[PDB]
Amino acid sequence: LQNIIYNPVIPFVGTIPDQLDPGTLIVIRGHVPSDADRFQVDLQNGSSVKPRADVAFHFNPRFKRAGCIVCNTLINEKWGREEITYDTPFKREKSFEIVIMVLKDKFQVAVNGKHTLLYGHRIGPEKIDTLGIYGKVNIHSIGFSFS
Ligand SMILES: CC(=O)N[C@@H]1[C@@H](O[C@@H]2O[C@H](CO)[C@H](O)[C@H](O)[C@H]2O)[C@H](O)[C@@H](CO)O[C@H]1O
Ligand SMILES: [Cl-]
């Protein structure tokens, strides 16, 4: 992997060091604490706090009861329609590997070496330049694979 970031402070907000062309991989390895309610991985257009940067891809594992993964897009500080994946592999007190692959018309996400979900592009992925990681999660490493 390229441009690796080890043991970042959460919340992490960092520039993705190259364009998100088809085939680009974002590999995030980490662990969910015992008391975690949720965390999120956001692919953003910039890092503006106010107004809040558009989030092309909001990937949001939630842990109450059986848990889920909520996926959405934030444009001009307005959330779109949620896409909820109920078959979640994430668990409190367990380590994980997230691999986000950028395809032409969608993201594909695999967790722990297994397909988890697809998310169709609502913003052009060329506009994404920032990776945000927020909430109750411990991130061990962030890596990128570009062409
Ligand atoms: C603002 C608010 O409370 N919205 C509720 C949703 O929670 C938000 O969901 C988005 C993604 O769609 C973000 O994760 C944000 O951080 C959350 O506050 C909630 O998911 C739905 C019910 O499922 O209700 C909204 O009112
Ligand atoms: Cl619970």
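Order of listing sets the numbers, starting from 1, for every ligand and every atom in it. One is the number of the first residue; the rest follow in order along the sequence. Values below: every heavy atom of this structure, side chains too, minus hydrogens, waters and symmetry copies.
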- prompt: Is it true that atom CG of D35 has more than 12 heavy atoms of other residues, nucleotides or ligands lying nearer than 6.0 Å?
  reply: yes

task: Could you tell me whether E77 and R52 make a salt bridge, using a distance below 4.0 angstrom between a side-chain N and a carboxylate O?
output: no

message: Exactly one of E82, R38, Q40 should register a side-chain hydrogen bond (donor to acceptor under 3.5 Å, both in side chains) with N60. Which one does?
response: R38

- prompt: Would a hydrophobic clustering, with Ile, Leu, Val, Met, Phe, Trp and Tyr connected at side-chain separations under 4.5 Å, put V109 with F144?
  reply: yes

task: Compute the centroid of each ring, for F39 and then for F90, and state whether the two points are separated by less than 6.0 Å.
output: yes

field: Contact residues of ligand 1, where a non-hydrogen atom lies under 4.0 Å away
entry: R38, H58, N60, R62, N72, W79, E82

query: What do you reckon, are the aromatic ring centroids of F96 and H31 less than 6.0 Å apart?
result: no

